[PDB]
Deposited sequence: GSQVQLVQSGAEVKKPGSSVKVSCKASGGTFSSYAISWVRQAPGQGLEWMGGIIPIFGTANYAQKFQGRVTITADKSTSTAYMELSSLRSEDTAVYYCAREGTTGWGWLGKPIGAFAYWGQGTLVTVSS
């Protein structure tokens, strides 16, 4: 099994930034891609970005290109995501996800087999 324990929910004001963590355990940390997916209330999923910790190769979607920063601490097996310039639109449940592997316990598949519990970020003032 692979577990992804995210940080608790937060309530930020418009303009401020937020940094959500994703503690990974159970499998290898560096050799697999960790992604961040967002879901607003009754809206559906959108891929914010991701990172492969071994070489720090972070990738971003054009929409969040600039205001989103994804990093991975190899010494604590934790992935992060910092969204800056927060607005009402950014109010959503933020998931960290990791790609699965072929077979039991394997080559990486790409699709997100493991997901965190989610972090509810609310933007209001």
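Residues of the deposited sequence lacking C-alpha coordinates, counted from 1, fall in the stretches 1-2, 108-109.
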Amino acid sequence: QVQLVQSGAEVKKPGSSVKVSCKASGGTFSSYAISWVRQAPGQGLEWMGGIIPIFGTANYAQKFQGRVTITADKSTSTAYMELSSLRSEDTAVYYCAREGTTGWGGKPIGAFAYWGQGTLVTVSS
From here on, numbers count along this sequence of modelled residues.
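When the two stretches 24-32 and 81-89 are set side by side, the higher mean Cα temperature factor goes to 81-89. If you average the C-alpha B-factors over 9-17 and over 113-121, the higher value belongs to 9-17. Across 50, 42, 53, 100, the entry's maximum B-factor at the CA atom is seen for 42. Ranked by Cα temperature factor within the chain, residue 94 sits in the middle third according to the deposited record.
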